[PDB]
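Below is one structure; the comments refer to it alone.
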Amino acid sequence: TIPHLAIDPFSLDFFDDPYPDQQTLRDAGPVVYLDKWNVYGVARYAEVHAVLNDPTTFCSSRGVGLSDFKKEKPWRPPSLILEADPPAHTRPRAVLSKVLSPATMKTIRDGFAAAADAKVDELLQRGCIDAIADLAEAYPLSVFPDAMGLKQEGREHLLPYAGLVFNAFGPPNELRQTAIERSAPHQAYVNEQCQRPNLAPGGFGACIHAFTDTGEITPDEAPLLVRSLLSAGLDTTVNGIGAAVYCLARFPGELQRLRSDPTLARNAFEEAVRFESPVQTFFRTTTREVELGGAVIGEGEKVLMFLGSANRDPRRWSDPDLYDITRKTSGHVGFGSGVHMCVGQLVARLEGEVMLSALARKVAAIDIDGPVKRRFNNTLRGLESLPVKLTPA
Ligand code: HEM
Ligand SMILES: CSc1cccc(C(=O)O)c1
Ligand SMILES: [Cl-]
């Protein structure tokens, strides 16, 4: 009853252009079987949203990558939040929620916005820039390591470590095995910056450690929660901001609307998150036999959720392949959905909003003026290089 497909969603041809294969996955049925990796797949909005919102049946503690932690040993100690289920997940989640809270956003907003304006002013002096290295990477690098409380030395480890983490959710293909081969120095640096004495006062990392006396987490759980923010909080925003700039470069009519009302900045970034879905895929593991969209799935089976595909499902979205900065984006799954929904989404949205605000106020045109090169990752979608000329307003 379940269609079997040979599509490899972790192949370079897939990453290069996922959208035809994603339609094939959606239209084959609500539940498909991917023979290449022996996993179930769900690519429509309805099933993806259903799976995300039943964490009991579709658990995360057996891993949210291809690997099943009941069968193989995790490549690194499990995340206490991403790779945990309720109730063990609940109190670490609460702590990160309060650390990455509206009050914390109020403390950092003015500084995040100054750096966004400063960066755009600096790029406008160069004219022709790489919107990845010089913007999508440079701007988060200028705010997020400092907001964490990290020392200056060794920050060049951060993006390689995150790329490794996201590649490691994938199958044991060359992307994943090469990433792990090169992992030793990046893991060393990261695990070391997770210790309380190495995190500057007032930052996110020192705040997690300062939350270790409330009965929610113990001191030995704080380094791994810092590790969560160093894994999940930089590379995602790089690809989210890169997606937004790529969208404005490809849809000049939407840049013109954004310029005329810079208060659309926050929704323009949210739409970019839906439209490109920087985090493309995640797995769950079934804890029991379950019926999903007419399909019987046995216990202990991996289920691949196509988040990017669900965000382009025409069953849920009108004109899903159009970038529309006034779209009602509520309900997109680019940040997930349910008990694991991105606990850092306020940081991501703050960064994306203030950057698109700076572009809206200072830039008249964004024109691609060089070869676009895609960056390949088993989990993240984004560009390696995006050459653009910025015309000042
Ligand atoms: C555009 C940027 C971002 C995107 C697209 C994104 C995406 C996601 C997604 C899809 C999930 C759900 C994972 C799952 O359901 O298994 C998630 C969870 C999470 N995100 Fe984000 N994220 C972004 C930015 C950030 C930032 C800035 C931080 C930290 C400062 C962060 C930290 C986390 C953490 C710790 C989790 C685990 C939450 C949990 O399991 O309860 N993310 N993110
Ligand atoms: C998409 S959320 C995420 C991604 C990578 C790592 C972690 C973590 O908690 O270590 C979380
Ligand atoms: Cl690690």
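Residues are named by chain letter and number: chains run A, B, ... in the order of the structure tokens, numbers start at 1 in each chain, and ligands are numbered from 1 in the order shown.
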
Counting only C-alpha atoms, which residues in region 208-293 of chain A sit no more than 12 Å from region 14-27 of chain A? For each one, give the nearest pair of atoms and the distance in Å, sorted by chain then residue number, as CSV.
residue,atom,partner,partner_atom,distance
A:275,CA,A:19,CA,11.3
A:276,CA,A:19,CA,10.6
A:277,CA,A:18,CA,11.6
A:278,CA,A:15,CA,11.8
A:280,CA,A:15,CA,9.8
A:281,CA,A:15,CA,11.6

Residues from last step as file, N, CA and C atoms, as a compact mmCIF listing (two decimals), in the first residue's frame:
# COMPACT_ATOMS: atom_id res chain seq x y z
N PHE A 275 10.13 29.83 2.61
CA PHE A 275 10.41 29.64 1.19
C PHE A 275 11.66 28.81 0.95
N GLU A 276 12.72 29.04 1.72
CA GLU A 276 13.91 28.22 1.53
C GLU A 276 14.04 27.09 2.54
N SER A 277 13.49 27.26 3.73
CA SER A 277 13.58 26.26 4.79
C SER A 277 15.02 25.84 5.01
N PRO A 278 15.83 26.69 5.65
CA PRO A 278 17.25 26.36 5.88
C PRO A 278 17.48 25.01 6.53
N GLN A 280 16.13 21.55 6.33
CA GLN A 280 15.28 20.93 5.32
C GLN A 280 14.50 19.74 5.86
N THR A 281 15.14 18.96 6.74
CA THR A 281 14.69 17.63 7.09
C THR A 281 15.06 17.34 8.55

Using only C-alpha atoms and all ligand atoms, determine which residues fall within 7 Å of ligand 2, then list them as a list in words.
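The residues near ligand 2 are residues 79, 80, 81, 82, 165, 166, 225, 227, 228, 229, 231, 232, 279 and 342 of chain A.
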
Hey, which residues sit close to ligand 3? Say within 8 Å, counting only C-alpha atoms and all ligand atoms, and write them as a list in words.
residues 75, 76, 77, 161, 165, 183, 186, 187, 188, 190, 191 and 227 of chain A

Please identify all protein, DNA and RNA residues within 7 Å of ligand 1, counting only C-alpha atoms and all ligand atoms, and report them as an NGL selection string.
:A and (52 or 60 or 64 or 81-83 or 93 or 100 or 228-229 or 232-234 or 236-237 or 239-240 or 273 or 277-279 or 282 or 333-337 or 339-345 or 347-348)

Find the residues near residue 128 (chain A): any atom within 9 Å, counting only C-alpha atoms, skip ones fewer than 4 places away on the same chain, and give them as number ranges by chain.
A: 123-124, 369, 387-390

Which of A:230, A:46, A:29, A:11 sits closest to residue 316 (chain A) [using only C-alpha atoms]
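Among the listed residues, A:46 lies closest to residue 316 (chain A).
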
With only C-alpha atoms as the atoms that count, which of A:156, A:349, A:51, A:383 lies nearest to residue 109 (chain A)?
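Of A:156, A:349, A:51, A:383, the one nearest residue 109 (chain A) is A:349, counting only C-alpha atoms.
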
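Shortest atom-to-atom contact with residue 198 (chain A) among A:223, A:392, A:215, A:185: A:223, counting only C-alpha atoms.
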
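Non-sequential neighbours of region 41-45 of chain A (distance at most 6 Å, separation of 3 or more positions within a chain, only C-alpha atoms) are residues 26, 31, 32, 33, 48, 49, 303, 304, 305, 306, 309, 310 and 313 of chain A.
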
Selection above as a file: N, CA and C atoms, as a PDB file, in the first residue's frame:
ATOM      1  N   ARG A  26       5.516  14.136  -2.468  1.00  0.00           N
ATOM      2  CA  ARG A  26       4.201  14.525  -1.964  1.00  0.00           C
ATOM      3  C   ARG A  26       3.095  13.790  -2.709  1.00  0.00           C
ATOM      4  N   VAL A  31       2.304   8.839   2.835  1.00  0.00           N
ATOM      5  CA  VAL A  31       3.425   8.144   3.466  1.00  0.00           C
ATOM      6  C   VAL A  31       4.139   7.335   2.394  1.00  0.00           C
ATOM      7  N   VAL A  32       5.434   7.568   2.231  1.00  0.00           N
ATOM      8  CA  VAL A  32       6.216   6.829   1.252  1.00  0.00           C
ATOM      9  C   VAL A  32       7.274   6.031   2.006  1.00  0.00           C
ATOM     10  N   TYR A  33       7.837   5.037   1.327  1.00  0.00           N
ATOM     11  CA  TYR A  33       8.993   4.301   1.827  1.00  0.00           C
ATOM     12  C   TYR A  33      10.184   4.597   0.926  1.00  0.00           C
ATOM     13  N   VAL A  48       3.564  15.958   8.014  1.00  0.00           N
ATOM     14  CA  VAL A  48       4.710  16.534   8.710  1.00  0.00           C
ATOM     15  C   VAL A  48       4.250  17.208   9.992  1.00  0.00           C
ATOM     16  N   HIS A  49       3.183  17.994   9.906  1.00  0.00           N
ATOM     17  CA  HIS A  49       2.670  18.662  11.092  1.00  0.00           C
ATOM     18  C   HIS A  49       2.160  17.649  12.108  1.00  0.00           C
ATOM     19  N   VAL A 303      11.283   7.856  10.603  1.00  0.00           N
ATOM     20  CA  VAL A 303      10.388   8.640   9.759  1.00  0.00           C
ATOM     21  C   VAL A 303      11.082   9.946   9.413  1.00  0.00           C
ATOM     22  N   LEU A 304      11.311  10.172   8.121  1.00  0.00           N
ATOM     23  CA  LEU A 304      11.943  11.389   7.628  1.00  0.00           C
ATOM     24  C   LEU A 304      10.866  12.422   7.317  1.00  0.00           C
ATOM     25  N   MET A 305      10.942  13.582   7.975  1.00  0.00           N
ATOM     26  CA  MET A 305      10.029  14.695   7.720  1.00  0.00           C
ATOM     27  C   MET A 305      10.694  15.688   6.775  1.00  0.00           C
ATOM     28  N   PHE A 306      10.027  15.995   5.663  1.00  0.00           N
ATOM     29  CA  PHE A 306      10.542  16.969   4.698  1.00  0.00           C
ATOM     30  C   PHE A 306       9.946  18.324   5.045  1.00  0.00           C
ATOM     31  N   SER A 309       9.598  20.692   2.101  1.00  0.00           N
ATOM     32  CA  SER A 309       8.511  20.252   1.229  1.00  0.00           C
ATOM     33  C   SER A 309       7.149  20.614   1.811  1.00  0.00           C
ATOM     34  N   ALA A 310       6.976  20.411   3.116  1.00  0.00           N
ATOM     35  CA  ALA A 310       5.721  20.784   3.751  1.00  0.00           C
ATOM     36  C   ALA A 310       5.461  22.279   3.612  1.00  0.00           C
ATOM     37  N   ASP A 313       3.929  22.772   0.067  1.00  0.00           N
ATOM     38  CA  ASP A 313       2.812  21.903  -0.279  1.00  0.00           C
ATOM     39  C   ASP A 313       1.636  22.750  -0.750  1.00  0.00           C
TER      40      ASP A 313
END
